[PDB]
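As stored in query-v9.tsv (TSV, C-alpha atoms and all ligand atoms):
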```
chain	number	residue	atom	x	y	z
A	1	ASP	CA	-15.08	-23.92	-5.94
A	2	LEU	CA	-12.69	-23.65	-2.97
A	3	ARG	CA	-13.45	-26.20	-0.25
A	4	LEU	CA	-13.02	-25.58	3.47
A	5	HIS	CA	-10.48	-27.53	5.53
A	6	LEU	CA	-10.30	-26.83	9.25
A	7	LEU	CA	-6.76	-27.15	10.55
A	8	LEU	CA	-5.92	-30.65	11.70
A	9	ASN	CA	-3.92	-29.07	14.52
A	10	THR	CA	-6.95	-27.73	16.39
A	11	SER	CA	-4.68	-25.84	18.83
A	12	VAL	CA	-4.07	-23.29	16.06
A	13	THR	CA	-7.24	-21.30	16.52
A	14	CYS	CA	-9.30	-18.27	15.62
A	15	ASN	CA	-9.88	-15.64	18.30
A	16	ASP	CA	-12.54	-17.64	20.17
A	17	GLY	CA	-10.63	-20.94	20.21
A	18	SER	CA	-12.42	-22.52	17.26
A	19	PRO	CA	-10.06	-24.08	14.68
A	20	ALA	CA	-8.64	-21.88	11.98
A	21	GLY	CA	-8.59	-23.20	8.44
A	22	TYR	CA	-8.23	-22.62	4.73
A	23	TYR	CA	-10.25	-23.00	1.55
A	24	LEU	CA	-8.53	-24.97	-1.21
A	25	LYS	CA	-9.04	-25.68	-4.90
A	26	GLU	CA	-6.30	-27.93	-6.23
A	27	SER	CA	-4.99	-27.77	-9.81
A	28	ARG	CA	-2.93	-30.94	-10.27
A	29	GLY	CA	-1.47	-29.79	-13.56
A	30	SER	CA	0.12	-26.76	-11.87
A	31	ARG	CA	3.17	-26.17	-9.69
A	32	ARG	CA	1.96	-22.66	-8.77
A	33	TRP	CA	0.34	-22.10	-5.36
A	34	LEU	CA	-1.47	-18.91	-4.40
A	35	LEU	CA	-2.15	-18.44	-0.67
A	36	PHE	CA	-4.36	-15.41	-0.10
A	37	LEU	CA	-4.72	-13.65	3.27
A	38	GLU	CA	-8.11	-12.04	3.87
A	39	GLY	CA	-8.26	-8.59	5.47
A	40	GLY	CA	-10.64	-6.86	7.87
A	41	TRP	CA	-8.94	-4.41	10.29
A	42	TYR	CA	-8.10	-5.81	13.78
A	43	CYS	CA	-9.01	-5.38	17.44
A	44	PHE	CA	-6.64	-4.24	20.15
A	45	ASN	CA	-8.14	-4.70	23.65
A	46	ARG	CA	-10.83	-6.69	25.44
A	47	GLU	CA	-13.67	-4.20	24.94
A	48	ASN	CA	-12.80	-3.53	21.30
A	49	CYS	CA	-12.54	-7.24	20.58
A	50	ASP	CA	-15.81	-7.97	22.41
A	51	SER	CA	-17.57	-5.50	20.11
A	52	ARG	CA	-16.04	-7.17	17.05
A	53	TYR	CA	-17.20	-10.56	18.37
A	54	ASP	CA	-20.80	-9.31	18.43
A	55	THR	CA	-21.08	-8.02	14.88
A	56	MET	CA	-18.02	-9.33	12.96
A	57	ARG	CA	-17.90	-12.83	14.39
A	58	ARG	CA	-16.80	-14.51	11.14
A	59	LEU	CA	-13.56	-12.52	11.58
A	60	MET	CA	-13.13	-14.07	15.02
A	61	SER	CA	-14.45	-17.64	14.75
A	62	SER	CA	-14.84	-20.52	12.29
A	63	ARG	CA	-18.11	-21.73	13.84
A	64	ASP	CA	-20.27	-20.23	11.06
A	65	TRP	CA	-17.94	-20.55	8.07
A	66	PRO	CA	-19.47	-21.97	4.87
A	67	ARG	CA	-18.12	-25.22	3.49
A	68	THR	CA	-17.17	-23.53	0.18
A	69	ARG	CA	-16.23	-20.16	-1.28
A	70	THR	CA	-16.01	-19.00	-4.89
A	71	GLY	CA	-12.59	-17.87	-6.10
A	72	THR	CA	-12.78	-14.38	-7.60
A	73	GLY	CA	-10.26	-12.08	-9.22
A	74	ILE	CA	-6.74	-13.46	-8.76
A	75	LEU	CA	-8.36	-16.50	-7.05
A	76	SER	CA	-10.54	-17.25	-10.11
A	77	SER	CA	-9.79	-20.33	-12.20
A	78	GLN	CA	-11.33	-18.76	-15.32
A	79	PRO	CA	-8.72	-17.33	-17.73
A	80	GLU	CA	-11.03	-14.47	-18.73
A	81	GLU	CA	-11.35	-13.35	-15.10
A	82	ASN	CA	-7.74	-14.17	-14.11
A	83	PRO	CA	-5.28	-13.78	-17.01
A	84	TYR	CA	-2.40	-14.09	-14.54
A	85	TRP	CA	-2.70	-17.36	-12.58
A	86	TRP	CA	-5.99	-19.00	-13.59
A	87	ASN	CA	-4.45	-22.50	-13.54
A	88	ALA	CA	-2.81	-22.26	-10.11
A	89	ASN	CA	-3.64	-24.11	-6.91
A	90	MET	CA	-5.86	-21.62	-5.03
A	91	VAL	CA	-5.92	-21.14	-1.27
A	92	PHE	CA	-8.02	-18.59	0.62
A	93	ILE	CA	-7.03	-18.26	4.29
A	94	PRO	CA	-9.83	-16.61	6.30
A	95	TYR	CA	-8.78	-13.88	8.69
A	96	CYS	CA	-10.03	-14.90	12.12
A	97	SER	CA	-7.22	-13.65	14.38
A	98	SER	CA	-7.86	-9.87	14.37
A	99	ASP	CA	-4.10	-9.25	14.70
A	100	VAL	CA	-3.03	-8.18	11.17
A	101	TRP	CA	-1.67	-11.74	10.87
A	102	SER	CA	1.03	-11.02	13.49
A	103	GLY	CA	-0.08	-12.90	16.58
A	104	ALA	CA	1.42	-15.88	18.38
A	105	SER	CA	-0.67	-16.16	21.56
A	106	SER	CA	-3.20	-18.80	22.66
A	107	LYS	CA	-6.39	-18.30	24.63
A	108	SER	CA	-5.74	-19.19	28.26
A	109	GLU	CA	-6.38	-18.29	31.90
A	110	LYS	CA	-5.06	-14.77	31.28
A	111	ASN	CA	-6.27	-14.35	27.68
A	112	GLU	CA	-9.95	-14.16	26.70
A	113	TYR	CA	-8.92	-14.42	23.02
A	114	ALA	CA	-6.26	-16.20	20.98
A	115	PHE	CA	-4.26	-14.12	18.48
A	116	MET	CA	-2.54	-16.69	16.30
A	117	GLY	CA	-2.34	-15.13	12.80
A	118	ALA	CA	1.37	-15.80	12.28
A	119	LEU	CA	0.93	-19.40	13.46
A	120	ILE	CA	-2.18	-19.90	11.31
A	121	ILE	CA	-0.13	-19.10	8.21
A	122	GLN	CA	2.66	-21.47	9.26
A	123	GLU	CA	0.20	-24.28	10.00
A	124	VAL	CA	-1.68	-23.84	6.71
A	125	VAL	CA	1.64	-24.10	4.87
A	126	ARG	CA	2.63	-27.20	6.86
A	127	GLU	CA	-0.64	-29.01	6.17
A	128	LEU	CA	-0.63	-28.03	2.48
A	129	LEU	CA	2.78	-29.67	2.02
A	130	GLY	CA	1.07	-33.06	2.32
A	131	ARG	CA	-1.62	-31.98	-0.18
A	132	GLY	CA	0.72	-31.15	-3.08
A	133	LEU	CA	2.55	-28.02	-1.95
A	134	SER	CA	5.71	-30.13	-1.63
A	135	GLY	CA	5.83	-30.21	-5.44
A	136	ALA	CA	5.44	-26.46	-5.89
A	137	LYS	CA	7.80	-24.26	-7.84
A	138	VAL	CA	6.32	-20.94	-6.65
A	139	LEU	CA	4.35	-20.12	-3.49
A	140	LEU	CA	2.82	-16.66	-3.87
A	141	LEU	CA	1.65	-15.33	-0.50
A	142	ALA	CA	-0.90	-12.66	-1.39
A	143	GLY	CA	-3.37	-10.65	0.62
A	144	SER	CA	-5.54	-7.56	0.74
A	145	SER	CA	-5.84	-4.76	3.33
A	146	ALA	CA	-4.86	-6.23	6.74
A	147	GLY	CA	-3.95	-9.31	4.68
A	148	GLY	CA	-1.65	-7.21	2.51
A	149	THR	CA	0.19	-5.98	5.58
A	150	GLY	CA	0.08	-9.63	6.67
A	151	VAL	CA	2.07	-10.56	3.55
A	152	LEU	CA	4.80	-8.09	4.46
A	153	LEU	CA	4.93	-9.39	8.02
A	154	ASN	CA	4.98	-13.10	7.08
A	155	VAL	CA	6.47	-13.74	3.61
A	156	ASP	CA	10.05	-14.17	4.86
A	157	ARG	CA	8.90	-16.40	7.71
A	158	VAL	CA	7.19	-18.70	5.20
A	159	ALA	CA	10.40	-18.76	3.16
A	160	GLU	CA	12.42	-19.65	6.26
A	161	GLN	CA	9.88	-22.29	7.34
A	162	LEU	CA	10.08	-24.08	4.00
A	163	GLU	CA	13.89	-24.00	4.05
A	164	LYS	CA	13.98	-25.45	7.56
A	165	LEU	CA	11.43	-28.14	6.67
A	166	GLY	CA	13.64	-29.25	3.78
A	167	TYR	CA	11.96	-27.66	0.73
A	168	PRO	CA	14.61	-25.22	-0.54
A	169	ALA	CA	13.38	-25.42	-4.15
A	170	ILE	CA	10.03	-23.70	-3.50
A	171	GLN	CA	10.30	-20.00	-4.43
A	172	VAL	CA	8.34	-17.94	-1.90
A	173	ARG	CA	7.13	-14.52	-3.09
A	174	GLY	CA	4.69	-11.93	-1.79
A	175	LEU	CA	1.88	-9.84	-3.28
A	176	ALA	CA	0.71	-7.12	-0.86
A	177	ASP	CA	-2.51	-5.40	-1.98
A	178	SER	CA	-3.83	-2.31	-0.18
A	179	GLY	CA	-1.60	-2.93	2.84
A	180	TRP	CA	0.99	-0.16	2.29
A	181	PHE	CA	0.09	2.67	4.67
A	182	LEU	CA	1.68	5.92	5.78
A	183	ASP	CA	2.07	6.95	9.42
A	184	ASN	CA	1.28	10.52	8.38
A	185	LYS	CA	-0.39	13.45	10.09
A	186	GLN	CA	-4.18	13.37	9.97
A	187	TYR	CA	-6.09	16.05	8.09
A	188	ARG	CA	-8.18	16.64	11.24
A	189	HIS	CA	-7.48	15.29	14.73
A	190	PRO	CA	-3.81	4.27	14.48
A	191	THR	CA	-0.17	3.87	15.51
A	192	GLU	CA	-1.29	3.87	19.15
A	193	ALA	CA	-3.84	1.16	18.33
A	194	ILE	CA	-1.21	-1.06	16.64
A	195	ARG	CA	1.25	-0.41	19.47
A	196	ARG	CA	-1.40	-1.55	21.95
A	197	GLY	CA	-2.50	-4.40	19.69
A	198	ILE	CA	1.05	-5.78	19.39
A	199	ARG	CA	1.33	-6.08	23.18
A	200	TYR	CA	-2.18	-7.58	23.42
A	201	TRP	CA	-1.54	-10.14	20.67
A	202	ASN	CA	2.08	-10.98	21.46
A	203	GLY	CA	2.55	-9.82	17.89
A	204	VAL	CA	5.67	-10.66	15.91
A	205	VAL	CA	7.39	-8.75	13.11
A	206	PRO	CA	10.10	-9.84	10.64
A	207	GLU	CA	13.47	-10.29	12.31
A	208	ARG	CA	15.60	-7.79	10.38
A	209	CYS	CA	12.99	-5.08	10.83
A	210	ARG	CA	12.67	-5.92	14.53
A	211	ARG	CA	16.44	-5.60	14.93
A	212	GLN	CA	16.45	-2.16	13.27
A	213	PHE	CA	13.68	-0.62	15.36
A	214	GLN	CA	14.30	-2.58	18.61
A	215	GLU	CA	12.17	-3.17	21.71
A	216	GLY	CA	8.93	-1.24	21.97
A	217	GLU	CA	9.19	0.09	18.40
A	218	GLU	CA	8.00	-2.99	16.47
A	219	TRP	CA	4.92	-1.03	15.33
A	220	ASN	CA	7.21	0.56	12.71
A	221	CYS	CA	7.34	-2.78	10.90
A	222	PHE	CA	3.60	-2.59	10.15
A	223	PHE	CA	4.37	0.26	7.74
A	224	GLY	CA	5.29	-1.01	4.28
A	225	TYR	CA	7.90	1.63	3.48
A	226	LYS	CA	9.80	0.70	6.67
A	227	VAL	CA	9.46	-3.11	6.58
A	228	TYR	CA	9.78	-3.67	2.80
A	229	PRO	CA	13.51	-2.79	2.50
A	230	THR	CA	14.29	-5.40	5.18
A	231	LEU	CA	12.63	-8.28	3.30
A	232	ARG	CA	14.52	-10.90	1.31
A	233	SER	CA	11.64	-12.48	-0.63
A	234	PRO	CA	10.46	-10.79	-3.84
A	235	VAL	CA	7.36	-8.70	-3.02
A	236	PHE	CA	5.05	-7.01	-5.52
A	237	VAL	CA	3.21	-4.03	-3.98
A	238	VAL	CA	-0.27	-2.98	-5.16
A	239	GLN	CA	-1.52	0.25	-3.59
A	240	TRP	CA	-4.02	2.90	-4.67
A	241	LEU	CA	-2.39	6.30	-4.29
A	242	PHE	CA	-5.53	7.56	-2.53
A	243	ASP	CA	-6.53	4.48	-0.60
A	244	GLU	CA	-9.89	4.90	1.11
A	245	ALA	CA	-8.68	3.27	4.34
A	246	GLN	CA	-5.68	5.63	4.44
A	247	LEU	CA	-8.02	8.59	3.99
A	248	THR	CA	-10.36	7.23	6.68
A	249	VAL	CA	-7.61	7.01	9.30
A	250	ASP	CA	-6.53	10.46	8.09
A	251	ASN	CA	-10.13	11.59	8.85
A	252	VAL	CA	-10.70	12.75	5.27
A	253	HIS	CA	-14.31	12.17	4.30
A	254	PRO	CA	-16.36	20.96	-2.87
A	255	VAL	CA	-12.69	20.74	-1.88
A	256	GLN	CA	-10.96	23.82	-0.48
A	257	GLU	CA	-7.26	24.62	-0.66
A	258	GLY	CA	-6.16	23.00	2.61
A	259	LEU	CA	-7.75	19.66	1.74
A	260	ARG	CA	-6.60	19.86	-1.89
A	261	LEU	CA	-3.00	20.32	-0.73
A	262	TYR	CA	-3.43	17.54	1.84
A	263	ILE	CA	-4.67	15.07	-0.78
A	264	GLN	CA	-2.01	16.03	-3.32
A	265	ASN	CA	0.72	15.68	-0.70
A	266	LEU	CA	-0.58	12.23	0.30
A	267	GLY	CA	-0.34	11.00	-3.29
A	268	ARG	CA	3.14	12.49	-3.64
A	269	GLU	CA	4.30	10.86	-0.40
A	270	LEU	CA	2.94	7.47	-1.36
A	271	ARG	CA	4.48	7.68	-4.84
A	272	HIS	CA	7.79	8.64	-3.16
A	273	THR	CA	7.71	5.55	-0.92
A	274	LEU	CA	7.30	3.37	-4.03
A	275	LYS	CA	10.17	4.91	-6.02
A	276	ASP	CA	12.58	2.11	-5.00
A	277	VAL	CA	9.99	-0.68	-5.13
A	278	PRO	CA	10.73	-2.27	-8.54
A	279	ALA	CA	7.59	-4.46	-8.69
A	280	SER	CA	4.62	-2.23	-7.94
A	281	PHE	CA	1.26	-1.11	-9.30
A	282	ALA	CA	-0.04	2.16	-7.84
A	283	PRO	CA	-2.90	3.86	-9.70
A	284	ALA	CA	-4.01	7.40	-8.94
A	285	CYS	CA	-7.47	6.39	-7.71
A	286	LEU	CA	-9.62	6.80	-4.63
A	287	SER	CA	-10.58	3.17	-3.95
A	288	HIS	CA	-9.78	0.15	-1.77
A	289	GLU	CA	-8.41	-3.35	-2.51
A	290	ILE	CA	-7.95	-4.77	-6.01
A	291	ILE	CA	-6.86	-8.32	-6.32
A	292	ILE	CA	-9.93	-10.50	-5.48
A	293	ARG	CA	-12.61	-8.46	-7.20
A	294	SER	CA	-13.91	-9.90	-10.45
A	295	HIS	CA	-13.12	-6.74	-12.46
A	296	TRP	CA	-9.55	-6.43	-11.18
A	297	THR	CA	-8.42	-6.70	-14.83
A	298	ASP	CA	-9.85	-3.31	-15.79
A	299	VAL	CA	-7.47	-0.78	-14.23
A	300	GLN	CA	-4.30	0.12	-16.11
A	301	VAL	CA	-1.26	2.27	-15.35
A	302	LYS	CA	0.65	3.61	-18.37
A	303	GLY	CA	-1.45	1.24	-20.47
A	304	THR	CA	-0.58	-1.93	-18.50
A	305	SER	CA	-3.05	-3.90	-16.37
A	306	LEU	CA	-2.21	-5.53	-13.04
A	307	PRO	CA	-2.51	-9.10	-14.42
A	308	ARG	CA	-0.03	-8.10	-17.12
A	309	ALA	CA	2.36	-6.48	-14.62
A	310	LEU	CA	2.22	-9.62	-12.47
A	311	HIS	CA	2.99	-11.76	-15.52
A	312	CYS	CA	5.95	-9.48	-16.31
A	313	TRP	CA	7.07	-9.89	-12.70
A	314	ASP	CA	7.00	-13.67	-13.15
A	315	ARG	CA	9.16	-13.30	-16.27
A	316	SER	CA	11.58	-11.00	-14.43
A	317	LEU	CA	12.12	-13.71	-11.79
A	318	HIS	CA	12.97	-16.43	-14.35
A	319	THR	CA	17.62	-6.06	-17.20
A	320	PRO	CA	14.10	-4.75	-17.84
A	321	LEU	CA	11.86	-6.51	-20.35
A	322	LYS	CA	10.80	-4.97	-23.67
A	323	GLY	CA	7.14	-4.04	-23.44
A	324	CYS	CA	6.53	-5.90	-20.18
A	325	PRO	CA	6.95	-3.46	-17.26
A	326	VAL	CA	6.79	-4.25	-13.57
A	327	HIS	CA	7.10	-0.78	-11.97
A	328	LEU	CA	3.84	1.07	-12.66
A	329	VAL	CA	3.19	4.12	-10.47
A	330	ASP	CA	0.92	6.93	-11.63
A	331	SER	CA	2.42	10.40	-11.64
A	332	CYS	CA	-0.79	12.39	-12.06
A	333	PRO	CA	-1.68	14.10	-8.79
A	334	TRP	CA	-5.47	13.79	-8.15
A	335	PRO	CA	-7.95	10.91	-7.68
A	336	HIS	CA	-9.23	9.55	-10.99
A	337	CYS	CA	-6.75	11.49	-13.13
A	338	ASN	CA	-6.20	7.92	-14.39
A	339	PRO	CA	-9.25	7.28	-16.63
A	340	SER	CA	-9.30	3.54	-15.81
A	341	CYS	CA	-9.96	4.04	-12.10
A	342	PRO	CA	-12.97	2.09	-10.76
A	343	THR	CA	-16.22	4.05	-11.06
A	344	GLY	CA	-18.81	2.78	-8.58
B	401	LIG	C1	-1.70	1.33	11.49
B	401	LIG	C2	-1.76	0.11	10.56
B	401	LIG	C3	-0.70	-0.15	9.71
B	401	LIG	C4	-0.73	-1.24	8.86
B	401	LIG	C5	-1.83	-2.07	8.84
B	401	LIG	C6	-2.88	-1.83	9.70
B	401	LIG	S1	-4.30	-2.95	9.67
B	401	LIG	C7	-5.42	-2.24	8.49
B	401	LIG	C8	-5.39	-0.88	8.09
B	401	LIG	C9	-6.32	-0.44	7.16
B	401	LIG	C10	-7.25	-1.34	6.66
B	401	LIG	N1	-8.36	-1.26	5.69
B	401	LIG	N2	-8.95	-2.52	5.59
B	401	LIG	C11	-8.24	-3.38	6.46
B	401	LIG	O1	-8.40	-4.54	6.64
B	401	LIG	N3	-7.21	-2.62	7.09
B	401	LIG	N4	-6.31	-3.09	8.00
B	401	LIG	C12	-2.86	-0.74	10.57
```
Represent the structure from my file as structure tokens, please.
Amino acid sequence: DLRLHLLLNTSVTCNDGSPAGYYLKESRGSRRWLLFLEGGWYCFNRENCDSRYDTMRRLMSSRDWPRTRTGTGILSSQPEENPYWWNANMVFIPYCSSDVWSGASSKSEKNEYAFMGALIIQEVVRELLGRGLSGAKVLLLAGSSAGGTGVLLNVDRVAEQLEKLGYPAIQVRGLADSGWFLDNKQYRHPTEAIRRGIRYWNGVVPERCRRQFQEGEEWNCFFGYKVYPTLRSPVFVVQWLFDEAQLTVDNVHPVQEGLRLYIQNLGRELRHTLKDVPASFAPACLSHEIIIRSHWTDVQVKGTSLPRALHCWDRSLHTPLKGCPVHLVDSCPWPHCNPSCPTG
């Protein structure tokens, strides 16, 4: 139901120089716009990116993209599947820059690949303004996995871009799903890869965070708990307490005491980082991503689903609201101690 549009500025490109783009389903009766950033890891040097080009080429090129995609989960237009924003204008922005949405570098003499993720977002926004986004009341920049980190890295830049273009009435907000990671010690012997990636991509981080950590330390701003406090736009954080990608980088794959303590400490640490995040949804589950799967409605924390929490967040942005909470973090300490966790 979402139709592909390749960027009219064909100098804003995927890794291989093909045009980036976006999939759009308009809803003319709505002033809500949802721009979703796809995830899919990243690549950080020539050899690593060459491998990704061989077997993950859709994440590096628009040459083989389909002309349409179906909106699912928070991108669904069916109220039963999407109680939150079923009537919104839906935009899916494919991830084809392999840079966690941070890059601002073109392919050239010196560069085999272009890493333009930050510019792709800006150009999508610019071209959407002429397609109805100029009339928006809310622009929700959402994303999952690398796209969720992408939200944290880009939401304030979108807000600044719209102000500078003359649209101060559009409220820019972020929804970061499964992009809130810890730079913790591994269970058995990632920050090096991002550090290298940033130099390779000419990657950019939000200004206030950059100014805190200073030259050479911008990698810190890829970690939600460090970049989030520096952001001005409202951001809702969705994060499984035992995210499978976090456990993978931690090299966690009958559980003895050392691993039990490691897993319990990870959940405690992640819960701690969310204590001062007033709009958050963090179930005690071992899983990965939430917002674009069709059954995203099923999980609940303290009896409240994510679509409900997001609706309560909308109301809060019109004192806490009676019966309509926005801060929902499990306190139970082990995967699937929440009975509503996904099973299979
Ligand atoms: C070290 C770091 C910090 C923040 C974001 C990233 S990028 C990433 C990390 C995990 C993951 N799982 N699925 C997916 O796309 N990603 N992307 C890397």
Among A:220, A:122, A:212, A:11, ligand LIG 401 (chain B) is approached most closely, using all atoms listed in the file, by A:220
Length of the atom CA of residue A:77 to atom CA of residue A:290 vector [Å]: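 If I compute the distance from atom CA of residue A:77 to atom CA of residue A:290, I get 16.8 Å.
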May I have the residues within 7 Å of ligand LIG 401 (chain B), computed using all atoms listed in the file, as a VMD selection string? chain A and resid 39 to 42 100 145 to 147 149 179 to 181 190 to 191 194 222 to 223 245 to 246
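Remark: for residue A:313, the closest of the candidate residues A:278, A:66, A:203, A:335 is A:278 (distances computed over all atoms listed in the file).
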One number please: atom CA of residue A:69 to atom CA of residue A:83, in Å, one decimal. 20.2 Å
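Comparing A:213, A:33, A:225, A:219 by their smallest distance to residue A:86, the closest is A:33 (using all atoms listed in the file).
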May I ask which of the residues A:91, A:96, A:332, A:125 is the closest one to residue A:242, counting only C-alpha atoms?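 Looking only at the distances to residue A:242, the closest residue turns out to be A:332.
If only C-alpha atoms are the atoms counted, then among A:102, A:294, A:108, A:15 the closest residue to residue A:75 is A:294.
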Subset file as a short mmCIF file (atom, residue, chain, number, x, y, z; two decimals), in the first residue's frame: stretch 273-296 of chain A, N, CA and C atoms:
```
data_model
loop_
_atom_site.label_atom_id
_atom_site.label_comp_id
_atom_site.auth_asym_id
_atom_site.auth_seq_id
_atom_site.Cartn_x
_atom_site.Cartn_y
_atom_site.Cartn_z
N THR A 273 19.04 2.76 33.09
CA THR A 273 19.20 3.82 32.08
C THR A 273 17.88 4.43 31.66
N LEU A 274 16.76 3.73 31.88
CA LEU A 274 15.45 4.24 31.51
C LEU A 274 14.72 4.93 32.65
N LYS A 275 15.32 4.98 33.84
CA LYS A 275 14.61 5.52 35.00
C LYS A 275 14.16 6.96 34.76
N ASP A 276 15.00 7.78 34.12
CA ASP A 276 14.68 9.17 33.83
C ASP A 276 14.24 9.39 32.38
N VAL A 277 13.68 8.37 31.75
CA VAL A 277 13.12 8.50 30.41
C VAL A 277 11.61 8.42 30.59
N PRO A 278 10.89 9.55 30.61
CA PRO A 278 9.47 9.51 31.01
C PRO A 278 8.55 8.82 30.02
N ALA A 279 8.90 8.75 28.74
CA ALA A 279 8.08 8.05 27.75
C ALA A 279 8.88 6.85 27.28
N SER A 280 8.55 5.67 27.82
CA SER A 280 9.32 4.48 27.49
C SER A 280 8.48 3.23 27.72
N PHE A 281 8.85 2.18 27.01
CA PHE A 281 8.15 0.90 27.05
C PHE A 281 9.24 -0.17 26.96
N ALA A 282 9.48 -0.87 28.06
CA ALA A 282 10.65 -1.74 28.17
C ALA A 282 10.26 -3.05 28.82
N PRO A 283 9.76 -4.01 28.04
CA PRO A 283 9.33 -5.29 28.62
C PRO A 283 10.49 -6.23 28.90
N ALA A 284 10.30 -7.05 29.93
CA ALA A 284 11.33 -8.01 30.34
C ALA A 284 11.23 -9.26 29.46
N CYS A 285 11.67 -9.12 28.21
CA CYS A 285 11.62 -10.19 27.22
C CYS A 285 12.94 -10.30 26.48
N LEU A 286 13.25 -11.53 26.06
CA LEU A 286 14.33 -11.79 25.12
C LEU A 286 13.72 -11.78 23.73
N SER A 287 14.01 -10.75 22.95
CA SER A 287 13.36 -10.54 21.64
C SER A 287 14.09 -9.42 20.92
N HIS A 288 13.50 -8.91 19.84
CA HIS A 288 14.20 -7.96 18.98
C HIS A 288 13.19 -7.25 18.09
N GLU A 289 13.19 -5.91 18.15
CA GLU A 289 12.26 -5.04 17.43
C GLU A 289 10.83 -5.26 17.88
N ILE A 290 9.97 -4.29 17.63
CA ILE A 290 8.57 -4.36 18.04
C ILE A 290 7.62 -3.66 17.07
N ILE A 291 8.01 -2.48 16.59
CA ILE A 291 6.97 -1.59 16.12
C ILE A 291 6.37 -1.95 14.76
N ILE A 292 7.10 -2.57 13.82
CA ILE A 292 6.49 -2.87 12.52
C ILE A 292 6.02 -4.31 12.38
N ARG A 293 6.04 -5.11 13.44
CA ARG A 293 5.44 -6.43 13.27
C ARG A 293 3.94 -6.35 13.49
N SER A 294 3.22 -7.24 12.81
CA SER A 294 1.76 -7.17 12.81
C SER A 294 1.17 -7.40 14.19
N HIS A 295 1.83 -8.19 15.04
CA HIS A 295 1.31 -8.48 16.37
C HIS A 295 1.94 -7.60 17.44
N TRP A 296 2.41 -6.41 17.05
CA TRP A 296 3.02 -5.50 18.02
C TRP A 296 2.06 -5.08 19.12
#
```
